[PDB]
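Reading through the structure tokens given below for one structure.
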Amino acid sequence: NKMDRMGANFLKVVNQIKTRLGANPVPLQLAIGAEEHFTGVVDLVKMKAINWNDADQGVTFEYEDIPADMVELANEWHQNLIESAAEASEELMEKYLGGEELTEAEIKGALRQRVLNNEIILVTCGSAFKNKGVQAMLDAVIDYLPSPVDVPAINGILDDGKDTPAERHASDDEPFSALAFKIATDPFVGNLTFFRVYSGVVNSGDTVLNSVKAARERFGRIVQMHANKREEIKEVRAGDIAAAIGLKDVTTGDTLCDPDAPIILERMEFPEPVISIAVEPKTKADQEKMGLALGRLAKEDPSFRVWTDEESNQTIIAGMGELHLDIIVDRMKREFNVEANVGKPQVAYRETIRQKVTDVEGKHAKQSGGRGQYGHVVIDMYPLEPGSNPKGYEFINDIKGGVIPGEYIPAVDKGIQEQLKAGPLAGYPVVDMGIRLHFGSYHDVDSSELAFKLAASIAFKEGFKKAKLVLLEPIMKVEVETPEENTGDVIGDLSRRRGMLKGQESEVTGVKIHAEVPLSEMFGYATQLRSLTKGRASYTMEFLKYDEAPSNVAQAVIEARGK
Amino acid sequence: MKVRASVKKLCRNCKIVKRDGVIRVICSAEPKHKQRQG
Amino acid sequence: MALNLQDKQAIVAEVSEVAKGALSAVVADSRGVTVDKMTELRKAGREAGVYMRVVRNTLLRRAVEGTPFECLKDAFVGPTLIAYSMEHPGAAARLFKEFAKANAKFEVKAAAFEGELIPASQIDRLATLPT
Amino acid sequence: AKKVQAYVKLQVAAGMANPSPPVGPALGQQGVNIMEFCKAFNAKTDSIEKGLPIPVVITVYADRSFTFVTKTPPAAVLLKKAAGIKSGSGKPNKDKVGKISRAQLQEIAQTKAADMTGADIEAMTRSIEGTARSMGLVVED
RNA sequence: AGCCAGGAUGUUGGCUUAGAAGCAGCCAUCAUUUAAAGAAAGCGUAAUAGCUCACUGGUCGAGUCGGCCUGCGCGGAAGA
Ligand SMILES: [Mg+2]
Ligand SMILES: [Mg+2]
Ligand SMILES: [Mg+2]
Ligand SMILES: [Zn+2]
């Protein structure tokens with residue numbers, strides 16, 4: 001398209017297609033003239049130049065005699081078209097090498113065959129803005145693109161798979177099968193399910209089985225579509241794309257069919273969101289309405305997910321881009337109206353001891369005569385190492401001096417959990433603490449456990465202050481691919497940030513870079529990456545082990561509340 | 001450019017030229033070393 | 001530091017080693033490689049000897065003044081870069097072989113490796129006896 | 001055709017072949033994979049450095065294979081395994097920068113005189129002597 | 001001054017050891033290997049390739065290079 005725009009060259013675009021994408025392309029319609037004097041196109045089969053008329057809006061055109069300005073390159077590419085079409089069967093090539101010109105019908109059929117097996121792509125030229133080329137591309141859609149029964153049938157699995165479970169020829173007689181490719185939002189009914197009937201017939205009011213989830217759905221209003229507009233139709237035949245009102249539970253990519261039809265279809269894969277944002281409405285108490293809006297927009301779109309992380313109150317918004325994610329917020333402002341501003345996510349820190357070990361203890365004068373008991377514990381805090389266990393709590397029982405009563409000796413580890421689980425420093429959990437009980441004191445009458453847990457807590461507190469332990473940031477394993485020309489820029493950007501690097505690896509179609517970066521930094525990293533790489537890079541997060549980092553924010557989150 | 005009253009050669013590729021009497025610094029490496037008047 | 005006294009001295013200090021030992025070499029400055037040429041001049045210093053003065057102060061006038069006392073063909077201008085590798089045990093030794101083998105590979109060019117011959121009339125190498 | 005062609009000093013000296021993970025992702029230009037990482041180096045990484053530093057030249061070839069006359073056993077490893085103290089510069093004016101004696105020099109001379117040679121076998125011995133002595137501290141012998 | 005070009009293959013340095021790269025931090029380390037090797041010049045400095053700190057050989061025919069003092073000038077120097 002845009003053959004009218006300056007710099008236009010059909011040949012260069014064809015060569016770019018061959019060199020970059022990988023397909024070998026056969027020209028179908030060349031172009032007469034330069035960008036401004038784009039009269040029309042010349043087909044390489046009928047040998048006619050369909051110059052379009054400027055006065056009317058492309059509806060009419062006039063056929064000419066393909067002038068001598070391009071009568072040699074045209075013949076050359078026409079011959080290349082013949083030769084390329086002849087690579088469909090030996091009967092074509094044998095007559096082609098026999099010196100006789102093949103008839104147009106067999107050329108078109110052989111091309112349709114080559115498009116069907118996807119060996120070649122047929123390239124047509126034209127400019128929609130200049131009202132030219134569109135009729136010829138639609139014509140080549142009729143002549144070359146495949147109809148539903150112009151390929152073999154779709155396959156599936158039945159009862160955990162079979163040799164040939166389903167080969168459903170698209171017909172009006174076989175039992176109903178379909179796929180719900182798209183879900184849309186209607187404020188007046190609450191859903192809009194787009195489906196393509198691969199093989200079968202279904203009608204208004206007919207019940208269906210959602211094979212994957214094994215449940216019943218009634219088709220209330222099957223309709224056909226003209227963009228936003230909807231037109232009621234009584235029935236949908238096989239091979240037709242329609243929208244189903246009255247579906248309330250079907251996720252994108254779920255097969256909808258009558259019973260005894262293929263349970264699972266191939267449409268089982270979706271991408272992973274790269275951009276993660278937080279959002280919070282101006283009035284904080286619109287949270288239920290916002291949550292409902294997010295839940296609907298997440299059920300319709302499988303690549304947009306909303307999970308409310310339970311460490312904080314923030315709602316986490318994941319998406320494919322900053323555009324994507326802000327269209328998902330102004331759309332909320334306009335339909336299902338809520339006003340919400342996006343921001344940054346908060347910080348999930350942890351802690352590790354800075355290689356300090358002692359034998360600290362705690363003691364409260366709980367006796368006072370009347371109370372009747374008291375508790376004391378001698379503990380020994382130590383770290384193990386940053387990242388050897390999944391269970392950070394390590395406890396090797398060793399109680400020797402003052403051995404406590406024998407019914408809850410191993411039960412003096414779960415009581416320590418309520419300090420390690422959350423919040424000792426600034427409301428952030430701790431990892432790797434090891435306790436090792438050697439001494440203490442008690443009296444074997446009724447040694448109160450809940451007030452013995454106070455001694456352990458004050459012991460942990462004292463150990464913390466004398467330890468001078470430091471904060472641990474979250475750092476993940478990003479992996480990026482890019483062409484071997486932007487390696488310098490990507491590695492420079494990670495180096496500008498406080499990012500480590502790991503792997504000098506080069507693929508065959510690029511390079512896989514591996515880097516360890518913080519989580520408080522690199523907010524909106526994907527969009528910056530696309531900017532500095534010409535939108536040709538992806539990444540992933542593997543949530544690897546935390547690493548130490550010099551942070552001026554690590555203490556600012558606890559000196560905000562002081563002591 | 002720079003119209004500072006004290007032009008100097010900030011790097012090695014700067015040259016001192018005296019076009020129109022005015023003493024100028026012209027740098028054939030990076031244009032941030034272009035000054036006007038001695 | 002190619003001053004007048006240092007040149008007048010090093011001219012004789014480099015003519016002496018080639019008038020007491022074997023012929024010397026010369027290697028131009030066209031295209032040297034990082035290891036292909038550096039380790040070739042390494043092997044040259046290895047086989048030829050550890051006393052060769054691979055430096056070059058072979059100006060035409062300095063040569064005609066200093067070196068031309070004996071074997072006056074050296075006085076002829078050496079219009080190329082020069083790396084001198086003499087040879088201890090006889091004439092036309094491993095150094096001459098390395099120079100002749102460097103004129104076509106493993107160096108820029110060896111300026112045909114003409115060398116110094118006491119007779120100065122034998123174009124052929126010192127293999128006169130057919131045997 | 002062209003020897004090596006990519007000269008990047010981003011490879012852990014000896015030890016595990018192709019130790020990219022420690023070396024860092026900043027020299028990704030080179031096209032090394034699991035094919036050229038265990039062809040020749042895997043079978044001749046024994047008599048050079050058994051627990052010591054021996055940098056290796058890849059010598060990648062444009063002939064669609066990888067093989068060349070690889071470098072002989074390093075002197076960096078000779079003077080780090082015959083010494084005991086593997087220290088050096090950085091803390092060379094404060095404590096031991098490693099040991100260097102005539103025994104390590106003779107070892108490297110009789111060992112690294114295959115391919116890592118210079119203007120003499122004794123000249124590569126002086127190379128090992130410089131690589132052992134100029135660390136900042138040398139044993140007295 | 002102008003032109004024909006050459007600086008490691010013990011050397012991810014023996015290295016702040018996850019190298020920070022024959023020219024990041026860095027310690028110092030001619031490191032024979034020399035028309036050259038400084039473990040540091042702008043390119044990628046985190047790195048190759050191809051121009052190259054520095055340095056010289058070959059060309060090429062009379063002056064050249066920087067400082068110090070002094071005279072007289074130049075810019076700094078825009079108002080009703
Ligand atoms: Mg003045
Ligand atoms: Mg003035
Ligand atoms: Mg003014
Ligand atoms: Zn400048």
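Residues are named by chain letter and number: chains run A, B, ... in the order of the structure tokens, numbers start at 1 in each chain, and ligands are numbered from 1 in the order shown.
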
Could you name the residues that touch residue 32 in chain B at 9 Å or less, counting only C-alpha atoms (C1' of nucleotides), but leaving out those on the same chain fewer than 4 positions away, as a PyMOL selection string? chain B and resi 1-2+27

Could you turn the residues from that selection into a file that holds N, CA, C and O atoms, as a tab-separated table (two decimals), in the first residue's frame?
chain	number	residue	atom	x	y	z
B	1	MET	N	26.94	29.07	19.65
B	1	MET	CA	28.36	28.89	19.89
B	1	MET	C	28.69	29.60	21.20
B	1	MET	O	27.78	29.92	21.96
B	2	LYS	N	29.96	29.87	21.48
B	2	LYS	CA	30.35	30.55	22.71
B	2	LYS	C	30.96	31.91	22.43
B	2	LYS	O	31.85	32.03	21.58
B	27	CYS	N	36.80	23.61	16.08
B	27	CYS	CA	37.12	22.23	16.39
B	27	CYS	C	36.52	21.30	15.36
B	27	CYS	O	35.30	21.28	15.17

Find the nearest atom pair between each residue of chain B and chain E for residues within 8 Å, count only C-alpha atoms (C1' of nucleotides), give distances in Å to one decimal, sort rows by chain and ascending number, and present the table as CSV.
residue,atom,partner,partner_atom,distance
B:5,CA,E:76,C1',5.5
B:21,CA,E:74,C1',6.7
B:22,CA,E:75,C1',6.4
B:23,CA,E:75,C1',7.3
B:37,CA,E:75,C1',5.9
B:38,CA,E:75,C1',4.9

What does the distance from CA of residue 50 in chain C to CA of residue 29 in chain C come to in Å, to one decimal?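 We find that CA of residue 50 in chain C and CA of residue 29 in chain C lie 22.7 Å from each other.
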
To one decimal place, how far is CA of residue 48 in chain C from CA of residue 88 in chain C in Å?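 Those two atoms sit 7.4 Å apart.
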
Range 136-140 of chain D surroundings by only C-alpha atoms (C1' of nucleotides), 12 Å radius, close-in-sequence under 4 positions cut, as an MDAnalysis selection string: (chainID D and resid 79 82:105 129:132) or (chainID E and resid 14 27:29)

Could you list, as a PDB file with N, CA and C atoms, in the first residue's frame, every residue within 9 Å of residue 76 in chain C, counting only C-alpha atoms (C1' of nucleotides) and ignoring same-chain residues fewer than 5 positions away?
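Contents of the output file out-v8.pdb:
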ATOM      1  N   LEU C  60      70.468   6.911   3.290  1.00  0.00           N
ATOM      2  CA  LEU C  60      71.378   6.765   2.155  1.00  0.00           C
ATOM      3  C   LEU C  60      72.716   7.448   2.414  1.00  0.00           C
ATOM      4  N   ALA C  63      74.544   5.674   5.354  1.00  0.00           N
ATOM      5  CA  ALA C  63      75.137   4.429   4.874  1.00  0.00           C
ATOM      6  C   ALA C  63      76.381   4.693   4.035  1.00  0.00           C
ATOM      7  N   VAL C  64      76.286   5.622   3.074  1.00  0.00           N
ATOM      8  CA  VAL C  64      77.425   5.939   2.211  1.00  0.00           C
ATOM      9  C   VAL C  64      78.592   6.524   3.001  1.00  0.00           C
ATOM     10  N   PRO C  68      79.811   2.259   3.850  1.00  0.00           N
ATOM     11  CA  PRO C  68      80.504   2.059   2.564  1.00  0.00           C
ATOM     12  C   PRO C  68      82.019   1.895   2.646  1.00  0.00           C
TER      13      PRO C  68
END

Please find the residues of chain A near chain E - the criterion being any atom within 12 Å, counting only C-alpha atoms (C1' of nucleotides) - and write them as a ChimeraX atom specification. /A:485-489,491-496,500-504,515-516

Restrict the distance test to only C-alpha atoms, flag each residue of chain C within 8 Å of chain D, and return the flagged residues as a tab-separated table (two decimals) with N, CA, C and O atoms, in the first residue's frame.
chain	number	residue	atom	x	y	z
C	39	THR	N	54.70	-12.85	15.62
C	39	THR	CA	55.36	-14.10	15.95
C	39	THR	C	56.27	-14.59	14.83
C	39	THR	O	57.15	-15.41	15.08
C	41	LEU	N	58.36	-12.32	13.24
C	41	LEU	CA	59.57	-11.63	13.66
C	41	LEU	C	60.10	-12.20	14.98
C	41	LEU	O	61.31	-12.14	15.23
C	42	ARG	N	59.22	-12.78	15.80
C	42	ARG	CA	59.68	-13.52	16.97
C	42	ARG	C	60.53	-14.72	16.57
C	42	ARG	O	61.63	-14.90	17.09
C	43	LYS	N	60.01	-15.56	15.67
C	43	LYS	CA	60.78	-16.71	15.20
C	43	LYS	C	62.03	-16.27	14.44
C	43	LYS	O	63.05	-16.98	14.45
C	44	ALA	N	61.99	-15.10	13.79
C	44	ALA	CA	63.18	-14.53	13.16
C	44	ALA	C	64.26	-14.22	14.19
C	44	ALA	O	65.42	-14.61	14.02
C	45	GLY	N	63.89	-13.51	15.26
C	45	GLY	CA	64.83	-13.26	16.34
C	45	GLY	C	65.28	-14.54	17.03
C	45	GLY	O	66.39	-14.61	17.56
C	46	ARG	N	64.42	-15.56	17.03
C	46	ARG	CA	64.72	-16.82	17.70
C	46	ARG	C	65.80	-17.59	16.95
C	46	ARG	O	66.82	-17.97	17.53
C	47	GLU	N	65.58	-17.81	15.65
C	47	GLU	CA	66.52	-18.61	14.86
C	47	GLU	C	67.75	-17.81	14.46
C	47	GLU	O	68.87	-18.34	14.50
C	50	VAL	N	70.27	-13.65	19.00
C	50	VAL	CA	69.82	-12.72	20.02
C	50	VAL	C	70.67	-11.45	20.04
C	50	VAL	O	70.57	-10.66	20.99

Where does DSSP see strand (DSSP E) in range 58-115 of chain A, if you list the residues as a PyMOL selection string? chain A and resi 61-64

Using only N, CA and C atoms, please write the residues we just selected to a file, as an mmCIF file, in the first residue's frame.
data_model
loop_
_atom_site.group_PDB
_atom_site.id
_atom_site.type_symbol
_atom_site.label_atom_id
_atom_site.label_comp_id
_atom_site.auth_asym_id
_atom_site.auth_seq_id
_atom_site.Cartn_x
_atom_site.Cartn_y
_atom_site.Cartn_z
ATOM 1 N N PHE A 61 -12.534 1.988 -14.047
ATOM 2 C CA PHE A 61 -11.171 1.888 -14.543
ATOM 3 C C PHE A 61 -11.216 1.609 -16.039
ATOM 4 N N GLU A 62 -10.075 1.805 -16.700
ATOM 5 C CA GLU A 62 -9.950 1.535 -18.128
ATOM 6 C C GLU A 62 -8.724 0.668 -18.388
ATOM 7 N N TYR A 63 -8.949 -0.429 -19.111
ATOM 8 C CA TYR A 63 -7.912 -1.344 -19.582
ATOM 9 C C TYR A 63 -7.189 -0.836 -20.831
ATOM 10 N N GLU A 64 -5.856 -0.916 -20.835
ATOM 11 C CA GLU A 64 -5.028 -0.485 -21.968
ATOM 12 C C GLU A 64 -4.114 -1.615 -22.460
#

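Remark: for residue 17 in chain E, the closest of the candidate residues D:78, D:50, D:22, D:109 is D:22 (distances computed over only C-alpha atoms (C1' of nucleotides)).
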
Name all residues at most 8 Å from residue 14 in chain C (count only C-alpha atoms (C1' of nucleotides); drop same-chain ones fewer than 4 positions away) and give them as a PyMOL selection string. chain C and resi 10+18+53

Any chance you could export the current selection's N, CA, C and O atoms as a PDB file, in the first residue's frame?
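And here's part-v6.pdb as it stands now:
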ATOM      1  N   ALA C  10      75.616   4.778  15.425  1.00  0.00           N
ATOM      2  CA  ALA C  10      74.847   3.573  15.145  1.00  0.00           C
ATOM      3  C   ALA C  10      75.007   3.090  13.710  1.00  0.00           C
ATOM      4  O   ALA C  10      74.775   1.905  13.452  1.00  0.00           O
ATOM      5  N   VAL C  18      77.168  -6.753  10.678  1.00  0.00           N
ATOM      6  CA  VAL C  18      76.998  -7.409   9.384  1.00  0.00           C
ATOM      7  C   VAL C  18      78.306  -7.534   8.620  1.00  0.00           C
ATOM      8  O   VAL C  18      78.358  -8.265   7.619  1.00  0.00           O
ATOM      9  N   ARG C  53      70.370  -6.391  15.497  1.00  0.00           N
ATOM     10  CA  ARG C  53      69.846  -5.059  15.796  1.00  0.00           C
ATOM     11  C   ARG C  53      68.800  -4.771  14.724  1.00  0.00           C
ATOM     12  O   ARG C  53      69.099  -4.198  13.676  1.00  0.00           O
TER      13      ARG C  53
END
